[PDB]
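The chain below stands alone and is given as structure tokens, in the form deposited in one PDB entry.
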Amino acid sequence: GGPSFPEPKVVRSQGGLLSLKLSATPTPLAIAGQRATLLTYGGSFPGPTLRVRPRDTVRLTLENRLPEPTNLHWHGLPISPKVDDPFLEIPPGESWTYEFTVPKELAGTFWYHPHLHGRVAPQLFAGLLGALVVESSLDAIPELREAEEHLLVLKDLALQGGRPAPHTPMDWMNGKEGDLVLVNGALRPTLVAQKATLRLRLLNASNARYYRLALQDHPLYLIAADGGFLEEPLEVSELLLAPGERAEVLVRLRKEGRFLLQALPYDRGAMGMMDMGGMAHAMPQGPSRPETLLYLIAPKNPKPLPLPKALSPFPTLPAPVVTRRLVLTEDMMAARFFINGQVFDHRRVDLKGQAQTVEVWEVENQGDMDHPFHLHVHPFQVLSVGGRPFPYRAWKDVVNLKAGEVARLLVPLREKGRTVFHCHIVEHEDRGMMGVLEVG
């Protein structure tokens, strides 16, 4: 009731159990005024939002109705890599049931998408993605309970002949960006706010596009990062979300009006094609053009809630026992991507660590583009980037590295097993930039 806003259908746990059969299938859909056949979970783009509480059991049966093998990555979930298995392959026409328990202290916005090496980027770009929300007791404090809540899945697209556009040679180098910059599968929707305080869960599910988010005339109050709450709200004028990252922000609408949520120009180091121009700057692509993501209409006589004065304290982490160095490098013309000089080999274990210890990881981008580093299974705390302190304390699972930047991460190793780490420009992952961590 009231004004409608496009948002994925929500499937909720009941009595402590979320049991759901989800088919991955080609799906004709309406999109941006046309019809296209996408690859979808549950017949929708984005896929359905799964909403659970801590200690819930999830029993998701993935039914592969695609022409190719696939699997699922439960991005950001600290569960067993025997469940979240990057090496599993579900052949066409077969099913696989993922069963896990939500950890007791987890909260925030997570997501699921394909992770079959070599085919991640076409499958993700074709529409296979959805959100997972873990509710928290903190959602009951009045300063968040009475906020108007929405999920915003940021995902661009390009169509050719009624289907996802094919990957080009330039796409394997740069990562593929599309011309349709969508929110919850819609082109520039309008959100008619009914409350003056909004709580927006933000998910960058794009293959490679960055979103330098800014709301006209308003700051954002960051309350959650990828994997959990901040310790207290952090006011920002703008918020960069790299591929795979999530955030939750509060918006405090002071005045009536219509305000644009935009993705401001950002230069992630993508390389352009040659032949020569008239001026000076034409090898690098340069900054993205600004994009309007949605229109936000404030309610009448808006009086926003006060901000919560605290959120969730971040646990002391023990002293680290090992330091690791992971150097990212690129060969742009061959479109091959390396960690410590090697490309991914699923038969090769690159790092061996101990369960129940903390390590420091130093991840160094010795390339010229931004690379957003993701580690499965083990959330981390970003200490510093470029030798300077990270602006907040919260669990992250993707950290963006600009050219030459070195991130120092505190990585508590939880579950035993073999998992991966990789760039979340998924084309780069497909083309080399992935390694294997084994915890014992």
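The term rigid core refers to the maximal set of C-alpha atoms that superpose within 1.5 Å between the two forms. The numbering used is simple: start at 1 and walk along the sequence shown.
FYI, the form deposited in another entry isn't displayed, but the following is about it.
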item: Option from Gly277, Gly161, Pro265, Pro318 moving between the shown form and the other one, CA shift at or above 2 Å, rigid core reference; value: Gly277
item: Relative Cα spacing, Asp171 and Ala282, in that other deposited form - shift of 3 Å or more; value: closer
item: Shift in CA distance, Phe337 and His281, in that other deposited form relative to the form shown here, given it is 3 Å or more; value: closer
